[PDB]
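Same chain, two forms, each on its own as structure tokens: structure 1, then structure 2.
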Structure 1
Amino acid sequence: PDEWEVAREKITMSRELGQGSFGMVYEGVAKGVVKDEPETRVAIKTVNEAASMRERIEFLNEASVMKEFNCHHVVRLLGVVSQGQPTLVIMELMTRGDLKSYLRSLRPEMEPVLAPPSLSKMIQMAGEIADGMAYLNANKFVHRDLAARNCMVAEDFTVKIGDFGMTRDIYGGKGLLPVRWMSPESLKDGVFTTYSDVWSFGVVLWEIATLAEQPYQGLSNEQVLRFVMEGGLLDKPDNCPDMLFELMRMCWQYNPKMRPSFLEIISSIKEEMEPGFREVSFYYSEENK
């Protein structure tokens, strides 16, 4: 505890956003949580009164992890409020919701105001996710669960990595395993490396290219388990840019050592990102330069 903690009176909840894992996430304003900013619009993660514990510790610790992180492409944590009423945490507001939800919305099936992404807007999207992964791995971190559902999208369309439920250190489990996003080795030996995160990135890229469709439709997790351990692979989406699919296949090399690194992935596309990347991105930063 200590330090990150901030006054409960400095956080006022405006309206509700949506039910979250632990509790209904809200949107509000925080007093003095950002330099040069009197007030800041934020997202309030709360927990239900139900789990008076045996989880409230789990909650605050997932946020404790975020403390270590500080990147443009990784949702920023702007304070926690442990000791007190509803144990909550406040962080950088991502008005547009998770990438999976945002992508689902672009599909015509649910008629609009935004057209599907463009091969360009997809690279920018891939590259942003990758920068954040590149940074996470750089600080000796593994996500273990990288998927569209755990990426947030900001009003200005910036995509960042905003969920660290399974994110542990390179060094029970109430809930299903992200079978469909898991590498072969992860599925086989319970192994998790930066390399597996990459394998998952690939799946994320597939999600983008199919607008967050279900990976391996028809197959059950078990079947996926098998299928993938035998070298199985998802097909090339309909109308997928040759470029994008190539990047997928690269992330799915069976051999964990043959797959590219996040830094490597960024470099293969840096020439196609949007100008402003060169500044804000961790990649071109001096903390890796």
Structure 2
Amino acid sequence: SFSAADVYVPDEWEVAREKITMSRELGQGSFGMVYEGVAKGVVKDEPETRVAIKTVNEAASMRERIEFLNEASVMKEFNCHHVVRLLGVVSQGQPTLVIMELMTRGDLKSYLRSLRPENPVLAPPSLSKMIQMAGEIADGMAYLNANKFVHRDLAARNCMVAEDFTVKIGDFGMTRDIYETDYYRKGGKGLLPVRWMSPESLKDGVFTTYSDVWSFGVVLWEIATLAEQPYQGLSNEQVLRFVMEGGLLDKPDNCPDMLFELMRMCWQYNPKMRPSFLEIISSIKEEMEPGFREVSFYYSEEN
């Protein structure tokens, strides 16, 4: 029958329900369960594609379904190798489906934790692997900022790891369009976690590409800690005061000197003294693996 999915998503993003088969639960998303599946005929030149399936049930408020659909509309536009791709929507039935790119190794945070010595194919990353993760994440962020978007929520848990270990930005629920103004000021109650927020965001609810760079600094820290909680030993309220007044995370034990210096540049108190993601990628480009030049935003005509 007739519902929000008939109205809020263009019919040319539509994909037939019978081209979709669901296989198992992947995890809880922000609107419903996420599943793994196979899509017959949704990717270019590929007969079948393994996919992630997001659902919203018939028994979900119209309000949340509209939010689900709007959130999909935003992602529609993002086509970058380091951003998880939206492949289409199944609107003509129930439950409503959004078909995503499958990232077989899940979210970066719990992937990093799985690397801790406490699977023959899982070992703590070398400096070289960490640089790769860094450039790939920075690339996807360069891409966003270039299309005049602020993520507002960069963190390991919001990145995903592919089968070949490629890392991509994977959650966009909090992104804001900053064409024209170059900042987003939060009016009222916000739900972003304090331990990933810039000093200026904490103080005035201001968000820019600079505050995204701050968060990037924090995910570097997560990579170097195999995903420990930032500012452990402080409560959320103590993090707010610590970070707002210029406090910084300590260099992780055994952390490559290079990585920590990069964090320090990201954690400049004055947002304007931070590097851009383009500058970050530029400083480590010769350490990226060969395939980067053919797939990144960095070496694209867009850039």
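Between two forms, the rigid core is defined as the largest C-alpha subset superposing within 1.5 Å. Residue 1 is the first residue of structure 1, and the numbers go on in sequence order from there.
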item: Core-superposed comparison between structure 1 and structure 2 - Cα displaced by 2 angstroms or more, from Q253, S261, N70, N48; value: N48
item: Displaced residue check between structure 1 and structure 2: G84, CA, 2 Å or over, core reference; value: yes
item: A154 C-alpha relocation of at least 2 Å between structure 1 and structure 2, rigid core basis; value: no
item: Flag for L177, CA shift 2 Å or larger between structure 1 and structure 2 after aligning core; value: yes
item: Shift in Å of the C-alpha at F59 between structure 1 and structure 2 after core superposition; value: 1.2
